[PDB]
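Below sits a lone chain in structure tokens, taken as the form deposited in one PDB entry.
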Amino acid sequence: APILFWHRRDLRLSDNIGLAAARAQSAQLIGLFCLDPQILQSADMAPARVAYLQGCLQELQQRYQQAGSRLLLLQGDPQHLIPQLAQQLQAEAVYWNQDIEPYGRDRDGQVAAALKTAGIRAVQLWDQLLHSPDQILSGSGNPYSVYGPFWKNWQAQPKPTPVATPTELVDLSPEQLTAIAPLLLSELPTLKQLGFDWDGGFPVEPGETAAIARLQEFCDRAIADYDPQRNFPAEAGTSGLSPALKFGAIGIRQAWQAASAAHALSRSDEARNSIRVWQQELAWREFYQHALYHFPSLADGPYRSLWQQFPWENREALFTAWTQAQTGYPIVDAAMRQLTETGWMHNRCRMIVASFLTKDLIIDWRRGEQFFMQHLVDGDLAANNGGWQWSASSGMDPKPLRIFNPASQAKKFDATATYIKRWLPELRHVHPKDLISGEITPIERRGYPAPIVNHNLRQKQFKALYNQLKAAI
């Protein structure tokens, strides 16, 4: 009677809540991962993400072998294959860590129900969050739609520490392997076999080992300057751990512990502040994940009533130029180029290009949300939807109407155009002054396009549409 542990976005053996809980029940612990066609074949899957995922799985296969058992690989529909696998193995139970997204939660409910019908226990525990969505509630027992109060609560809650890595596992026998032979893939498919290609690199190399190494390195040095270095795209001031957190190559308790230890080690007020600021970013992460959990309709698009009626202009040609980094706005194009070429973008840049697509181009932001999901190595529904709702204050933590001025943003966060010239080398000959203002002479512009829109006119247009709608309602 073995216990199966179903991995999804927790591709590591260390600090894994459900895995550690399973090990406490049995040493005959076998891991499994199911390549779900509804996920892998989605038009919203990003090649960079498949590449990172695949790399994480290669290491996980090794970790299980070294631990004493193995990682089973399946390809097909979870609610059909997992119960069948469990039944063929006469599994005592199937464990996994809970999801916050609509698809995963619906899927899990079905798998759990199928397992129950088969008389097999299903244990679903919280792992990817320091505090589950049901632990953080207002005085009236309700979820938060405003960040301030959420943080006040979240910050005061006792923090959990990392759990133990399972050891001394017992592998499946030949007879057990024969019983499940039909449900398994003989080996982990290569990226190319899956029909994907990616050669743009990663913010952090794939796998548990690389993630843990990055966390330690960051907390050992860079984290001390996080504030204000986190604001400048030209600087490598952030952790680059986003895909590791999205796929769980690193445990959230490990991340919190490393930062906490660095804070206790530091004797500098500035360093301590920088570390606290990084820790709060983890809080923002939970704010958006808890929001998606409590208000799943957020995934459908503009949340607030007014925004569900916004008269998006939707000029496809403008959207296309945005996707191809041909907007004529240096700060925006450099950012879009970084995204398509490397699958990652500095947060200040995500804010900048999002504001541009939504406010300047006036394109339904779901188009941008989707493009980001089709290219981000860290593409995450909760954080991505949170970022795009943010571009219009159409969801959680709404703020008064505001429109970023690309030139103002560039001058403030890329004052010497170092980031711009880095991703737009064909403009390295241009003075930072003009790259920031976005006013480049045709001769020095070469093949670089002219601005696709006039910011002042677009800003007036967006405000006019907003004010007219607000009045009509």
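One-based numbering along the sequence shown.
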property	result
Higher-scoring stretch by recorded Cα B factor average, 429 to 437 or 46 to 54	429 to 437
Of 463 to 471 and 3 to 11, the one with larger mean CA B-factor	463 to 471
Member of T165, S140, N384, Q88 with the greatest C-alpha B factor (per the PDB record)	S140
C-alpha B-factor winner, where the candidates are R267, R107, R366, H294	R267
Third of chain Cα B-factors occupied by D220	highest
Ranked against its chain, the third holding the CA B-factor of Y64	middle
Among modelled residues of the same chain, the CA temperature factor third for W344	lowest
Third of chain Cα B-factors occupied by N231	highest
Among modelled residues of the same chain, the CA temperature factor third for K359	middle
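One more form of this protein exists, namely the form solved in complex with a small molecule; it is left out here, but the text below deals with it.
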{"property": "Complete contact of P296, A299 and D364 with the small molecule in the bound PDB entry (any heavy atom, 4.5 Å)", "result": "no"}
{"property": "In the bound PDB entry, segment of 62 to 70, 439 to 447, 38 to 46, 414 to 422 with a heavy atom within 4.5 Å of the small molecule", "result": "38 to 46"}
{"property": "Heavy atom within 4.5 Å of the small molecule in the bound PDB entry - residue from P162, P166, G207, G104", "result": "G104"}
{"property": "Proximity to the small molecule in the bound PDB entry, single hit among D99, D127, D397, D227 (heavy atom within 4.5 Å)", "result": "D99"}
{"property": "Contact label in the bound PDB entry: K246 to the small molecule, heavy atom within 4.5 Å", "result": "yes"}
{"property": "Any non-hydrogen atom of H455 within 4.5 angstroms of the small molecule in the bound PDB entry", "result": "no"}
{"property": "The small molecule contact at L53 in the bound PDB entry, heavy atom, 4.5 Å", "result": "yes"}
{"property": "Contact flag, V430 vs the small molecule in the bound PDB entry, heavy atom cut 4.5 Å", "result": "no"}
